[PDB]
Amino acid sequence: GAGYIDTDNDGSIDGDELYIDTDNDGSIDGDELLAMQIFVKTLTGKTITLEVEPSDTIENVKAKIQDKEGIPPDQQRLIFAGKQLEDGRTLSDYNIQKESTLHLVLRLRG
């Protein structure tokens, strides 16, 4: 879940006020302050917006794609600026940051 919250009480909803609730439990904790949105460009042309943290593993990222799109992780390979992404590494390992684009290609074995 994501929503705007008027933290500062300007009365004017601002860009630095998009908050992201990863757990979907109604709140943002200290860890979710670092949450971000990344984009995943698929082959159907559809672009998926993902809610992630820099500590998320690529395997987690793939699990989230399945929640949203129904695609099994075994069928998923992710690419970021050339480097294909290893399941056990994190978004931070690859220096994947807010509003980065990942490419989702089709995994074929052998």
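Residue indices: 1-based, along the sequence shown.
Quiz item: Should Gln66 be placed in the lowest, middle or highest third of its chain by the C-alpha B factor in the entry?
Solution: CA B-factor rank for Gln66: lowest third.
Quiz item: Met36: which third of its chain by C-alpha temperature factor?
Solution: As the PDB entry reports it, the C-alpha B-factor of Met36 lands in the lowest third of its chain.
Self-check item: CA B-factor ranking of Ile79, expressed as a third of its chain
Solution: For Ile79, the deposited C-alpha B-factor lands in the middle third.
Exercise. Classify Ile48 as lowest, middle or highest third according to the C-alpha B-factor given in the PDB entry, relative to its own chain.
Key: Within its chain, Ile48 is a lowest-third residue by C-alpha B-factor, going by the deposited values.
Quiz prompt | CA B-factor placement of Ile28, once the chain's modelled residues are sorted into thirds | solution = Its C-alpha B-factor belongs to the lowest third of this chain's values.
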